[PDB]
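Student: Here the protein sequences line up with chains A, B, C, D, E, F, G, H, I and J, keeping their order. According to my numbering, the first sequence holds residues 131 to 223 in order. According to my numbering, the second sequence holds residues -4 to 79 in order. According to my numbering, the third sequence holds residues 15 to 151 in order. According to my numbering, the fourth sequence holds residues 71 to 297 in order. According to my numbering, the fifth sequence holds residues 55 to 230 in order. According to my numbering, the sixth sequence holds residues 2 to 166 in order. According to my numbering, the seventh sequence holds residues 96 to 309 in order. According to my numbering, the eighth sequence holds residues 2 to 337 in order. According to my numbering, the ninth sequence holds residues 3 to 61 in order. According to my numbering, the tenth sequence holds residues 31 to 141 in order.
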Amino acid sequence: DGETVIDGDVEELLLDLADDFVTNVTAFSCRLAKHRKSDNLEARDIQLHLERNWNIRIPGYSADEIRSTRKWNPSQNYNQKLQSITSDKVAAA
Amino acid sequence: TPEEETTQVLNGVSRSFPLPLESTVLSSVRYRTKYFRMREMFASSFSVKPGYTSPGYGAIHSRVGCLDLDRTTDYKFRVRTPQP
Amino acid sequence: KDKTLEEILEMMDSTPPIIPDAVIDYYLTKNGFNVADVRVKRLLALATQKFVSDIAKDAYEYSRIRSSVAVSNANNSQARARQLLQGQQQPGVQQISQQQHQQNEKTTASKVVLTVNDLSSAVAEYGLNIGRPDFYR
Amino acid sequence: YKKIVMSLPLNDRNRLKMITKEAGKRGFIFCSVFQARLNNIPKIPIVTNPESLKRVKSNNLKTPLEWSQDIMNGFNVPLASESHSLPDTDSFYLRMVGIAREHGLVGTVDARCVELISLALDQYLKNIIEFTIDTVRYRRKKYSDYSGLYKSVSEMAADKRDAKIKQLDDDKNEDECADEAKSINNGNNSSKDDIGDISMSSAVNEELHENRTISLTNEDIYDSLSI
Amino acid sequence: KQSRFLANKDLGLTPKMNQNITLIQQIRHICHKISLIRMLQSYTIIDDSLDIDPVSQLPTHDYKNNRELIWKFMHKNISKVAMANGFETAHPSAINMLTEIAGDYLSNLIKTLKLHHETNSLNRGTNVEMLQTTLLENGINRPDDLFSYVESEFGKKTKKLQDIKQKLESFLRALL
Amino acid sequence: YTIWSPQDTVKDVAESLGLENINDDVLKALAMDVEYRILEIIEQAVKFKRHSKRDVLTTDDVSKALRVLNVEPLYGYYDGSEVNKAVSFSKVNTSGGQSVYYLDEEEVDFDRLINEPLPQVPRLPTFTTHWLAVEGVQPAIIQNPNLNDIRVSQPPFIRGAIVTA
Amino acid sequence: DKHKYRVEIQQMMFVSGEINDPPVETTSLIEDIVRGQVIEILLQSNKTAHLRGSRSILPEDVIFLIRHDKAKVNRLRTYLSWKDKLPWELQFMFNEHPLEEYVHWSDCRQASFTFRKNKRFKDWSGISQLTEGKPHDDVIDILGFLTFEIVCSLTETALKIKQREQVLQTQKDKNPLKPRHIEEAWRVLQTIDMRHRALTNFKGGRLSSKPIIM
Amino acid sequence: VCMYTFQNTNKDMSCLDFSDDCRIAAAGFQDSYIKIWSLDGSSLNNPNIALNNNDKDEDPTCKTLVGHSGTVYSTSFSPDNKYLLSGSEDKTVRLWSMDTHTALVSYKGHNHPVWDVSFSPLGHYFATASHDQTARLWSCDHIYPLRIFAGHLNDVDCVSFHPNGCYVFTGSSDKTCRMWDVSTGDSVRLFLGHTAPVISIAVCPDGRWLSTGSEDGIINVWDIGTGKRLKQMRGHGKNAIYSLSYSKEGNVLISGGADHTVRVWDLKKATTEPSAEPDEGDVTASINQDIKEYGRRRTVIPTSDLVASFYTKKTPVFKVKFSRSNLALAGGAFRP
Amino acid sequence: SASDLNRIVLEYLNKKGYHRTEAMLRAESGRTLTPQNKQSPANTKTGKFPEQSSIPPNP
Amino acid sequence: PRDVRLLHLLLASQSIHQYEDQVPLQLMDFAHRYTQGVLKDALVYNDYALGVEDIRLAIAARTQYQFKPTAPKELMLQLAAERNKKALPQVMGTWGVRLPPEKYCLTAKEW
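What follows is the structure, given as structure tokens:
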């Protein structure tokens, strides 16, 4: 169905894009590795930073510790207040 | 009285200004590296003529930051300046 | 054979979509690009209609899953059709209506409500994030 | 004053709070010149804390004389705009260790996160190039279950930079792709970074017709044109 | 004087959508009778000829390019398609958000086709290729699925609601 | 603190996630940054208000400070018969130890939304000219003001200093 | 740990294309991909089923996550026909309803992921780790069928991109699957559809989304 | 002052402009039109003797221009008066021919909304203001910009040339304005002293004095040589000063703002040029702002430079355009 | 804080290479107003049109 | 509500006395979504390693792509200096408005 090729100005543009992408990933990954109170720059920092923000979703290098599973169900005060809101919404009618 | 309470509430709202806790300065890789490279060439080229000391550390010979090993979340730090 | 675009415009020559001409004309002259072909207007009307049919259908799935009454009606559909078929003439009523009253005041008092907390999840599938809180404190 | 109807139904705890706030709650900075200065300067990690000093002395990590050399060697990498090719493992390693010495990490950079960075760049540029490719063309055989050859230009990578604008870092790179990637037809692009001067239209100056041979500044730019 | 809005109101997809809507409504009515049978065993029809008034159809009024009349016709033609799925009651804010979403989708379609028409790149597509890639880059991945949707919603759903009506009518004849 | 919330608003979203107990330093710094972002929306909103040649801050003046600041759009703040301040702040209190307001809304049928008639549309724009001044005084036609009812209408910070030739 | 399901992964690879004794790394990567996909399926299904108000995950609650692929749920319905009515359907809106190696090719298809018992599956995938209730009525059979489909489709597209990389390599200068083939097959299978992107294209903000399950 | 009041614009008419000979008016709407009015009641159809067909259409002596996809925030007429330049919030500036009523060229160099386009004096090349804190110099034959004017802290609101077309003046929302060299690009002057977003700027036909108005209702004048303040002007309400215009021969400033007034200012009172005061009193002078019923601190006190103020009765003035013969034109929309 | 700004200005000129007489004369040039040009809008007796020489402007 | 009138006082503190009704509702529904996303990403970053530096990481993760960038004047000055290297082209001298070439104008196009 056809071959698409690239031109030189687009090559300089995409190479500058990649050149800034590298530093923008590793500068936040260094902050995560320092937030983990360590000194080495492991691969879980980079995989977490690319999973949460860019969602590139690289298959497993350390992607079993990165995969954190919370259910995001609310507290007991919040379901109480939702009961109060539903009670007023049914007592209004 | 509600009058002094209202004027002191409006005095309180007129004094609160927020700053952001995290602001990412819009900059580049390439202009930062080229600034560093040109400053390294022209810093290694000339001399300092100090009063007592010169700025820089090993193989920098310019104004270099003094970020600590801890407190990496601090907003300011010291720099090097030729002290007489 | 998958229809070419010329066949689609040749069929839009005969069958106009739901969204009429002047709505497409207002959105055209609101976005620039004045076009004088009626079949491109009908094609964009059909495209917007199909996209919101998909969004409202996914909202219908999200609103039929998140209610216990709908999944219980789908589970006990023919099981209660048995009770309705055994609901013959008046000799034969005493052995039924042990479960009919509760789901009778559930299924006949339940109308399907297109809700903000349903559409926000049906378009969070599509890329949005419509975060409306439930109270304001 | 005149806001008695509105400032009164705030509760007593809220008003007793909001008659106390002031300026001087923080330790921040807000001078943007100084923020740009601290984002510009290269910083080396030092040690004053004794527990961290014994923690960095035990794991055989060195004094700041090595981290300053590591800053310089991470900066001196031929970054990928100059080489016109995607970087390799040693360039990745040296740049990432220089960045990690900038942020404070005095440890060692792992050897698998470099390959992770490589695959990250792979999928990033593949996403960008694919959503530029499927806009100049409608691939009929693809996107279906039953013309020639096109080159993507910089105007196209500006045109689908905005029709799908979410695909970028939103850093300097997208700013320069929006600001400087489009060129007017007298732009003189196939150049040698200096031939767009005005004096290269007006005649190479010759040499040494003088006892003291001091020349003019319009000849110095012809001298630097050759290099 | 008939306004330009009510021109194609009976021309091929509005009668089919109206047949879908009245089949949904008149098999939502047999269920009320059988639910009444369950209780003893213990309608507001559509109208599309609504015009504005003849005074606002005068050429001294901008009856074609103001926000509120187009917003009301979008509201009507989106509530006409949010009930072909099965909804029968909605919050106002839900239809307001759905009309905003349809407006932004149609504006993005016209903006993408506009950007493909007036680009100064060295490779502009032809008349049909720009339409195909502006259908591709937002919504439908091929042109043909539109004809599938007209097949799916007005050729398949109508016989589905029709034989559900026939089976429920035979069931009501078999009950009493 | 600052004026957004100590805990009374941010903490009721912290509980909406599921997070039970967090320190007040977290809520202080977090609410300070949240209302800094609110002011950052407000400043681009007043910029769009000024360049749209208006005096109120309509809902489409903050909805264009969103696209500029790349914020995901807040859909559902524009409805039929778009008038200036289409009054819709009917938020209903709910009791307890503190206050809870939940924004009641009445459900409606579809067949009273399709069988509902279309509103009035005004005339298309025209202009009309007159003389504001002929030599530096105002000729007092019906189209001119009276210069003494300008006192009783507007305060001198939205009408400025009256002087005449 | 890992490497629990290696022989069964090889058995499911054999049905799609040629086997040629795939290495330890390809089987390990397919195991970690399937172990991630099962956790994402259980998290999304538990989030959907808790808001109904029942911690027991229903059989239709996991078919909810694959409701778009009508051919695949028809395949699931035919797969549930040898064990000797969806809530979102068109009929179920309304309240009331009326009344020589071919044998070796086949036995690999009868070999499944969790066919024997859910003993190694429950502590490998961690069924009890994230589920608040007791879901096991038919969630394990669907969670076996989904992983069989995931491995089949994943090795199918990995085979096709290995063949296309082979023809690209023999055209540039002029047998086993590797981790790079599985990773680019994952990149092919994890691209978001165009209709699930249309409403964020002209506004510039980083698209946060969910991992697409097969 | 001849005031052009536009009636049926439901708060969706942005800043307008009049041409020179005052025959065409251009108003940018919030729904992506440019509306073109013949101010003489003329045909505005440009037949040119062809007379082919189409009297079946409705011409209300007014043409609409639909090329934008965002809201038009500024609009500028060429001194040739045959072309129109419309800047929108979709990130283009478009060019329109005023004698066939179509679009000619799209101009794409911004990534934020465009707020103030303005031609040159000689019509050579136009400058542009936008939200990205930079002004851009263009040319009508080049699709992409020629200079980038960067150096402001907030975004640029207004733009104007020196009357020779050799410097550029940009005012910005960080309470300052700048004078830019048009060739080297770098700023030559920075004028400090305001307390609000500078919204309209204008430089006198002499060229030695710069005047601008902020959103604090205070006009002020500097001289471009010293760069410091000669004096200010304190008669407008604490509100926006939408437009600004100059006397053709001499210095009399006409300010049409947001407080529904059009005010007249003597530039040469407190300077070293007194400009020929009369030799020999009034009753209304110094008693109008000596009423002060609202309070001393809650009222405005005008400078000695303000002489007259024409109120418009509930319509605001978007545009003041001083014609050649001591007749100014104001323009705005009837607000309720 | 304006006398400190004056001192910062004087030290800036001293370090950026302005002689004491040269800095004094540039200060005195900066203080006095722009005088009056009698041909201010270029009156049509002693004023000329701009050149149409196809070059861009240069201050 | 307390935050509707607190937003009234906030809007009045920056001299905004005319606005519509749903504008504090829009500000509250922005602040809810922003704080919910920030606290969810901060719960992720605290399970990784709550506290204030955790919130700082979670609001530095999303400062990088949506809101107004910080101190952009020196990058814009560098970019301006890259554009203001080229001297200005030759202009027409026939005192009018010159168009681009005909293919670079919106006229030779077809529907």
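Every residue, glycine too, gets a C-beta built ideally from N, C-alpha and C.
State the Cα-Cα distance for the pair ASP80(F) and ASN296(G), rounded to the nearest angstrom.
Tutor: If I take the Cα positions, the gap works out to 24 Å.
Student: Among the candidates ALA79(J), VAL34(J), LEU69(J) and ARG92(J), whose CA atom is the shortest distance from the CA of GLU172(A)?
Tutor: The option with the nearest alpha carbon to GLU172(A) is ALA79(J).
Student: List the residues that DSSP assigns as beta-bridge partners of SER253(D).
Tutor: Paired residues: none, contrary to the question.
Student: Starting from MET4(H), trace the beta strand (DSSP E) both ways and give me its first and last residue.
Tutor: Where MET4(H) is concerned, the enclosing beta strand (DSSP E) stretches over 3 to 7.
Student: For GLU172(E), return the contacting residues in chain J, with the cut-off set at a CB-CB distance below 9 Å.
Tutor: Simply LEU136 and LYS139.
Student: Comparing C-alpha positions only, which one of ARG92(E), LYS55(E), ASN174(E) and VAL182(E) sits nearest to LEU230(E)?
Tutor: Answer by Cα proximity: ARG92(E).
Student: Sorted by chain position, which residues of the same chain lie with C-beta nearer than 6 Å to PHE216(G)'s C-beta, five sequence neighbours on each side aside?
Tutor: If we look at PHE216(G) and ignore the five residues flanking it on each side, its Cβ neighbours are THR209.
Student: Starting from the beta carbon of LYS180(G), find every residue of chain C whose beta carbon is closer than 8 Å, and list them in chain order.
Tutor: Residues of chain C passing the Cβ test: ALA88, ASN89 and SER91.
Student: Spatial neighbours of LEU178(A) within its chain, please: CB distance less than 7 Å, with the 5 preceding and 5 following residues excluded, ordered by chain position.
Tutor: Closer than 7 Å at Cβ, skipping near neighbours: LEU162 and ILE196.
Student: 8 Å is my cut-off, CB to CB: does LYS113(D) come that close to chain G?
Tutor: Closer than 8 Å: no.
Student: Below 8 Å, can you find three or more Cβ-Cβ pairs linking the region 124 to 137 of chain E to the region 98 to 117 of chain H?
Tutor: At 8 Å Cβ cutoff, the stretches do not touch.
Student: Excluding sequence positions up to five away, which residues of its chain have a Cβ less than 8 Å from the Cβ of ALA15(F)?
Tutor: Contacts found: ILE23 and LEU28.
Student: Please specify which runs of the beta strand (DSSP E), each continuous and at least 3 residues long, are wholly inside the region 59 to 120 of chain H, giving them in chain order.
Tutor: Here the runs fully enclosed are 63 to 66, 73 to 78, 84 to 89, 94 to 98, 103 to 108 and 115 to 119.
Student: Do the region 206 to 219 of chain H and the region 240 to 258 of chain H meet, that is, are 3 or more Cβ pairs less than 8 Å apart?
Tutor: The region 206 to 219 of chain H is in contact with the region 240 to 258 of chain H.
Student: Is the region 19 to 31 of chain H touching the region 130 to 140 of chain F, taking contact as three or more C-beta pairs under 8 Å?
Tutor: No, the region 19 to 31 of chain H is not in contact with the region 130 to 140 of chain F.
Student: Can a CB atom of chain F be found closer than 8 Å to the CB of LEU16(B)?
Tutor: Closer than 8 Å: yes.
Student: Taking the beta strand (DSSP E) that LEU147(H) falls in, what are its first and last residues?
Tutor: Unbroken beta strand (DSSP E) run through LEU147(H): 143 to 151.
Student: Quick test of the definition: if touching needs 3 or more C-beta pairs under 8 Å, does the region 106 to 122 of chain J touch the region 239 to 250 of chain D?
Tutor: The region 106 to 122 of chain J, when compared against the region 239 to 250 of chain D, does touch it at the 8 Å Cβ threshold.
Student: Given this structure, state the Cα-to-Cα distance separating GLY282(H) from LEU307(H), to the nearest angstrom.
Tutor: Cα to Cα, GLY282(H) sits roughly 16 Å from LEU307(H).
Student: So, do the region 126 to 136 of chain G and the region 215 to 229 of chain G have three or more beta carbon pairs nearer to each other than 8 Å?
Tutor: They touch, by the three-pair rule.
Student: According to DSSP, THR95(F) sits in a beta bridge with which residue or residues?
Tutor: Answer by DSSP bridge pairing, in chain order: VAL101(F).
Student: Helix, strand or coil for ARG196(E) per DSSP?
Tutor: Coil.
Student: I want to verify the contact list: residues of chain A whose CB lies under 9 Å from the CB of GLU278(G), in sequence order.
Tutor: Neighbours of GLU278(G) on chain A, chain order: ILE188 and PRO189.
Student: Checking 8 Å against the spacing of the C-beta atoms, do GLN95(E) and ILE69(C) come in under that value?
Tutor: Going by C-beta atoms, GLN95(E) is not nearer than 8 Å to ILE69(C).
Student: Mind checking who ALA203(H) pairs with in its DSSP beta bridge?
Tutor: DSSP, once it has assigned bridges, lists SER212(H) as partnering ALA203(H).
Student: If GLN105(D) and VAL20(B) are in contact, beta carbons under 8 Å, what's the gap, nearest whole angstrom?
Tutor: The Cβ separation is near 6 Å, so the contact holds.
Student: Check whether the region 71 to 89 of chain J and the region 115 to 127 of chain H touch, using three or more Cβ-Cβ pairs below 8 Å as the test.
Tutor: No: the two stretches stay apart, fewer than three of their Cβ pairs being nearer than 8 Å.
Student: Rounded to a whole number of angstroms, what is the C-alpha to C-alpha distance between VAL75(D) and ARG55(F)?
Tutor: Distance between the alpha carbons of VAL75(D) and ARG55(F) is about 27 Å.
Student: Would you kindly report the start and end of the unbroken beta strand (DSSP E) that includes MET289(G)?
Tutor: Element bounds for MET289(G): n/a, residue is neither H nor E.
Student: Quickly, what does DSSP pair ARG137(H) with across the bridge? List them, please.
Tutor: In DSSP, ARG137(H) forms a bridge with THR129(H) and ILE149(H).
Student: Less than 7 Å separating the Cβ of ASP140(D) from some heavy atom of the ligand ZN?
Tutor: The ligand ZN is not part of this structure, which contains no ligands at all.
Student: Compute the beta-carbon to beta-carbon distance between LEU254(G) and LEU284(G), rounded to the nearest angstrom, for a pair I have assumed lies under 8 Å.
Tutor: The Cβ separation is near 13 Å, so there is no contact.
Student: Is the separation between the beta-carbon of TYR295(H) and that of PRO156(F) shorter than 8 Å?
Tutor: Against a cut-off of 8 Å, the Cβ pair of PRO156(F) and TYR295(H) comes out as a contact.
Student: Mind pulling the chain A residues with CB within less than 9 Å of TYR78(J)?
Tutor: In chain order: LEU162, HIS165, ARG166, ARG174, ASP175, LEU178, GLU195, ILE196 and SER198.
Student: Note the first and the last residue of the continuous beta strand (DSSP E) segment covering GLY42(H).
Tutor: Per DSSP, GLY42(H) belongs to no beta strand (DSSP E) and is neither H nor E.
Student: 8 Å is my cut-off, CB to CB: does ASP33(J) come that close to chain A?
Tutor: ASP33(J) does not count as touching chain A.
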